[PDB]
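Each of the two blocks below gives one form of the same protein chain as structure tokens; they are labelled structure 1 and structure 2.
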Structure 1
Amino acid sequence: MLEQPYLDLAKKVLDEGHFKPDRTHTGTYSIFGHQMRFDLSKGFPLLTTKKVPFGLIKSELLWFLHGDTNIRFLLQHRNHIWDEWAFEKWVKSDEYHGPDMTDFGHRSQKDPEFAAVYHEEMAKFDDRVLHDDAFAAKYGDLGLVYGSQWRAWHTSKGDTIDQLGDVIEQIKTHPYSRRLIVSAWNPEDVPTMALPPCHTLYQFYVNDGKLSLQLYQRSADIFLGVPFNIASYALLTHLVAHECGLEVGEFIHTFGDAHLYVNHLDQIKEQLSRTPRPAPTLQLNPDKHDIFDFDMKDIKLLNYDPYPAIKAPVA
């Protein structure tokens, strides 16, 4: 079946998985070094063994693709995955007075009955970055996030590098190059950073008219984080394949620390007793070819019929 490299990954984290200490320390079974391979010509790689929302996949990827850094497109697209970083830095200094989130995520994860303050204060904040322009401009611009790595790398003598747009020139100009890489790993910025990019590096590759893409992810969340990660870069591989007028080959997912938090252990086993169903397929707008000027409804998924979703604690 198609998402079986994955199910196997989770089986292997469990079976050869070493027990780790870690930054978020709940604990983690981890392996080091792991490659998976998905043929995208046999179907779109989103998981049929659990309801994954493809809608959050698309809006997060087109944010990136527009080179955006503002949490407002995302909220304005019902998409909240990145709120806690900009909210982390709204709790910042000035302006903010009242109540008091003095490291919050983990605290409503060793939960109070207070969670409603946290979320009636978050709904105050998500309203302001999409009503107030001023607000949004200073408290919604995450800064360095993936849209400004791919599409606007800052140079030592003032400029910005759209590296994505230049590689897309490079596949159209010279299919057969071995230098086709986009990197979010920026040395000076990484000891400051909040999250140093989990999806470090990628390389496209052409052969015989179909492109493959390979991904290096330095840390991975096997249960909650990898399923989503699999569909972002494989939608990006059909999108770029669409713009250069090229077919689709494989998505190769190389990992560095792949890890199962141990409180997901019972959930990972459940979905492992499920049987994969046939893959979903992807339909893109066949008129519109500048993917950078794509919106939501241009990307479409046909017949995705999942098993039920497995909610399990982590955020």
Structure 2
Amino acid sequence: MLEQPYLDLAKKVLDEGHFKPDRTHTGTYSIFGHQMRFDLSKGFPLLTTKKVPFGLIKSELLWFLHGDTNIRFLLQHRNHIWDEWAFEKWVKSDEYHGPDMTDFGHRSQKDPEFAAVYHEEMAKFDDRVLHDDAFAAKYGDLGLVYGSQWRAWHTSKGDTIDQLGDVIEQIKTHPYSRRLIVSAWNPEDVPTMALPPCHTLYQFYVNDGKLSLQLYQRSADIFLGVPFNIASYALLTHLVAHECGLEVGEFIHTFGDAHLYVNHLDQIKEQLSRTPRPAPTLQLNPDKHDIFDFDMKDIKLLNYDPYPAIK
């Protein structure tokens, strides 16, 4: 089945992973250099063995594809997956006049006391960002995230480059180029930025009218992140293939470090008892082609039949 490489990776890290102490007084088990492949003609690799929310992936990917780094767009699609790094930058600032909450993320899931205070502070933030243009401009904007690396890379001359747009034009004119690359790794920013990008770089390749994509992912939360990551890049691959009029090939997912947190062990063991079902199919607006203008409604997933979400 389409998703077996994900289960084999999880099982391999479980049975052969190396232990490393981790920053947040925990530990990981990891392996280096693992690869997964997914033939996208066999179905869409959204995990059946655990429910993965396709709507959040769609909206995040469309966000990136607009070159947008303002969480407002995500709030408008009911997507809170980027909230915390923005919440973090406002809560660290001068304009902020509520409870203390230094590292709200550690104290996050502990006492039910603070966890009611924070959830309302985040609920106010979200709403300010939604309706207050000036507040949104100031705290809604994450700065150096995928939207900017992919579509507005900042050059030394103060200008800005659309790597992905230029790449797509190359697929259309020079399909056999060996330079169909988009990087998110900027050696000038990486020493200071909040989040050196985990999805480091990717490359397309065309053969027999089919478009493949390989992603190099320097670091991977196998349980929480990977299942989202697989679906974003498989969707990216279909969307680019659609805009270029090509069929879809492989998605190849290559890791630097892939890890499992030492407290998440039983959740993934439980998942490894489940048996994949047939994979969903994707449908894209057959009459639209500029993916930089696609919206939620232009992307549909048929026949997705997952086991339940895990906690």
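Note that the rigid core is defined as the largest set of C-alphas that superpose within 1.5 Å between two forms. Just so we're on the same page, residue numbers count up from 1 along structure 1's sequence.
Core-superposed comparison between structure 1 and structure 2: the C-alpha position of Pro112 differs by no less than 2 Å. With the core superposed, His25 shows a C-alpha displacement of at least 2 Å between structure 1 and structure 2. Summarising the core-aligned comparison between structure 1 and structure 2, the C-alpha atom of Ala220 is found to shift 0.1 Å. The Cα position of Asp15 changes by 1.2 Å between structure 1 and structure 2 once both are aligned on the rigid core.
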